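The data below hold one chain only, encoded as structure tokens and taken in the form deposited in one PDB entry.
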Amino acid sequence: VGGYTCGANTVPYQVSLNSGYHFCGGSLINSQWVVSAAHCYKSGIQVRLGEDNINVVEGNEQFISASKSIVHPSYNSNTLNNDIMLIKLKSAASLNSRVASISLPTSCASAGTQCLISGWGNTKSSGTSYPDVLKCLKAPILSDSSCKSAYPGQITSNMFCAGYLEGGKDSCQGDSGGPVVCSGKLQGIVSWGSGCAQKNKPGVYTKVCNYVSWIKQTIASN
């Protein structure tokens, strides 16, 4: 599987994107904006903050609908290049201990840095808790060299790999759009990859540090 049960609200910037059901994660950036992957775009999104078990109302949730989605202008869905989107909330969230914003990088993270990847539902179900309670995995950023050698021809300047390569700990589709956080900065977004109790195919993440100027200009103008 990989990871473990996080504990409710221990990842306070984690959001669930719901359109009738949970279909993507994302990260709260400030009280009115969320970042997620552009392959998560859809009409009629609601943002669910303060969630642990997404099938039970536990008492700390905020359900706010999305008023505007902005997919990155150069997003390529064939190659998942520039796989990032911004979501504006109809109303601002009440920030508190369990619902918090995550900070944007001022610089890119080095390989070997340690990160926390978060999301619901790898696929599975029974490992420790629920495709319903939030799961966590700590993984090192991999070397550009290893990332590319795992996916020859497919990795761009806007992607990095993390995980363990050799049948270690990964995600599995479920977690798309969720955050990769390292040194208390949002450094990636769960994008794509190839297999979960598999073998040596690391996860592939959007490299948030390349988009900070777009994110701040876009959010300030919208």
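All residue numbers are counted from 1 along the displayed sequence. Only residues modelled in both forms are compared. Heads up, when I say rigid core I mean the largest set of C-alphas that superpose within 1.5 Å between the two forms.
What follows is about the form solved in complex with a partner chain, which we do not show.
Point to revise | Residue contact check: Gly195 to its partner chain in the bound PDB entry, 4.5 Å heavy atom | key: Looking in the bound PDB entry, residue contacts with its partner chain include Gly195, since a heavy atom lies within 4.5 Å.
Point to revise | 4.5 Å heavy atom contact, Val34 to its partner chain in the bound PDB entry | key: Taking the distances in the bound PDB entry, the answer for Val34 is no, it never comes within 4.5 Å of its partner chain.
Check your understanding: Should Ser27 be classed as touching its partner chain in the bound PDB entry when contacts are defined as heavy atoms within 4.5 Å?
Key -> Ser27 lies outside the contact set for its partner chain.
Review point. Is the gap between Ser191 and its partner chain in the bound PDB entry 4.5 Å or less for some heavy atom pair?
Key: Contact with its partner chain, yes.
Check your understanding: Where, among 92-100, 138-146, 106-114, 72-80, do residues come within 4.5 Å of its partner chain in the bound PDB entry by heavy atom distance?
Key -> Contact-bearing stretch, as computed: 72-80.
**Study point:** Rigid-core-referenced C-alpha movement of 2 Å or more between this form and the one not shown, selected from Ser145, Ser74, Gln114, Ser126
**Key:** Correct option: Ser126.
Check your understanding: Fitting the rigid core first, would the Cα of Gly184 be found 2 Å or more away between this form and the one not shown?
Key -> The answer is no, as the C-alpha of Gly184 shifts between this form and the one not shown by less than 2 Å after core alignment.
Check your understanding: Any CA movement of 2 Å or more for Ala197 between this form and the one not shown, core superposed?
Key -> Yes, the C-alpha moves 2 Å or more.
**Study point:** Inter-Cα distance between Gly7 and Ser125 in the bound PDB entry, nearer or further [3 Å or more]
**Key:** Farther is correct, given that in the bound PDB entry the C-alpha spacing of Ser125 to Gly7 is increased by at least 3 Å.
Check your understanding: Given that the distance between the C-alpha atoms of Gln62 and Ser126 changes by 3 Å or more in the bound PDB entry, do they end up closer or farther than here?
Key -> Compared with this form, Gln62 and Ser126 lie farther apart in the bound PDB entry.
Practice item. Go ahead and list the segments of at least 3 residues in a row whose C-alphas all shift 2 Å or more between this form and the one not shown, with the rigid core as the reference fit. Key: In sequence order, the runs that relocate between this form and the one not shown are 121-130, 195-198.
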